[PDB]
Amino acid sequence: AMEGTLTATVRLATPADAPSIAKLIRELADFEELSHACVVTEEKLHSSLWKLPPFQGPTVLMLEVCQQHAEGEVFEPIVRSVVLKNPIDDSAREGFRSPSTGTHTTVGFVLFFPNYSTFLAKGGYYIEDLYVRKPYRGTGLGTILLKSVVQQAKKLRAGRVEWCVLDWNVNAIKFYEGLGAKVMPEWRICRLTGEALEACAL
């Protein structure tokens, strides 16, 4: 069991992280009660990610823990000390060994990509997924991961940082509101997919 103080690391994901990303996307879909809709594979991540420079297309940041630079680098890892709220019991620890450092455990991820506001006439960032494994929630790790994205977005002069939440996901809403984000009740998401997308033609 992990006790006392942890060292938390937020770093750019590499193709070697595809197995862990696939497992975390599946855990998130299971949390959102959307397992049937989730068809992610390591192969699909290799086909679609790591094609464009980081922050110029879909980009993943990995969150990892362990028991406690030159010019023009894209993303220097963010390293923070975290005093544990309670000791952590992680039965999944061995299946989440980090490919960057063997002594690190992968505990979360975030996927984000550029968006654009016409009212601001400025580019922003959109966060697609934000996920922390169950034994590591409530001790400040999700705050470090979200704030690392926001800090990068601000460095890139983002007008806004946006994302979506399920109306029933009260713990995430409280978490986002506590960081200054506003839940906008007036907007609804529209999706054109599957057969309806196939049928949509001129």
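Residue numbers run from 1 along the displayed sequence.
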Open item on the list: Gap size between residue 68 and residue 69, counting deposited residues with no coordinates: none, 1 to 3, 4 to 9, or 10 or more?
Closed with: 10 or more
TODO: Using only the Cα atoms and their B-factors as the entry lists them, report which of 69-77 and 119-127 averages higher.
DONE: 69-77
- [ ] Between 85-93 and 110-118, name whichever shows the higher mean Cα B factor according to the PDB entry.
- [x] 85-93
Task: Residue with highest C-alpha B-factor in the PDB entry, from 165, 161, 62, 37 - done: 37
Open item on the list: Taking only the Cα B-factors deposited for this chain, tell me whether residue 16 sits in the lowest, middle or highest third.
Closed with: highest
- [ ] Could you look up the Cα B-factor of residue 199 in the entry and say which third of the chain it sits in: lowest, middle or highest?
- [x] middle
